[PDB]
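Only one chain is included here, represented as structure tokens and corresponding to the form deposited in one PDB entry.
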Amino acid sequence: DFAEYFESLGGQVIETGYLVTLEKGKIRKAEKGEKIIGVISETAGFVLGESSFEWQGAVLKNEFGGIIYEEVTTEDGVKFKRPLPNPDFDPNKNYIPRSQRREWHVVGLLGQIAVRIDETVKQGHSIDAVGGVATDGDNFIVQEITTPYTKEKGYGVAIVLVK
């Protein structure tokens, strides 16, 4: 799937397959009526927001998150743009990537993503969520149930085409 890095609300840890929603700029399990933005994913071929690499703040950024470049002038003026390092930056601090912190999740936003399902979910049918687990409903299109629902497990797994 195509995915993005998001932060869980309580700094929780939402296991893969649960449908997720936003509350105060963070992700949690999705209940009914609530809008499903995606599914926690381990299958993502393309994911945005993994500063992996350097602290997300190493360079300053404008109001729209874009790297602020200073314009440097030289030999009667060859001009080039170079990034504008943060005042708060610390090379004394040691950086841990987002794919190693626990508050950070890979959330799949588009494509075939495997989802936790209940007994209600059917092939060729849409879905809602309660407890973050899928249940027959209004959204996306269930591709195929891949590991069928059992009461002992509490869940099954279907591929849903999230768009």
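Sequential numbering from 1, following the sequence displayed. Definition used throughout: the rigid core is the maximal C-alpha set that superposes within 1.5 Å between two forms.
Another form, the form deposited in another entry, is not on view; read the next lines as being about it.
Annotation: the position in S52, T135, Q123, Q112 displaced by at least 2 Å at CA between the shown form and the other one, with the core superposed, corresponds to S52. If you fit the rigid core between the shown form and the other one, you'll see the Cα of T74 move by less than 2 angstroms. Panel note: the distance between the CA atoms of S8 and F53 is smaller in that other deposited form than in this form, the difference being 3 Å or more. By 3 Å or more, the C-alpha separation between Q56 and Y18 grows in that other deposited form relative to the form shown here.
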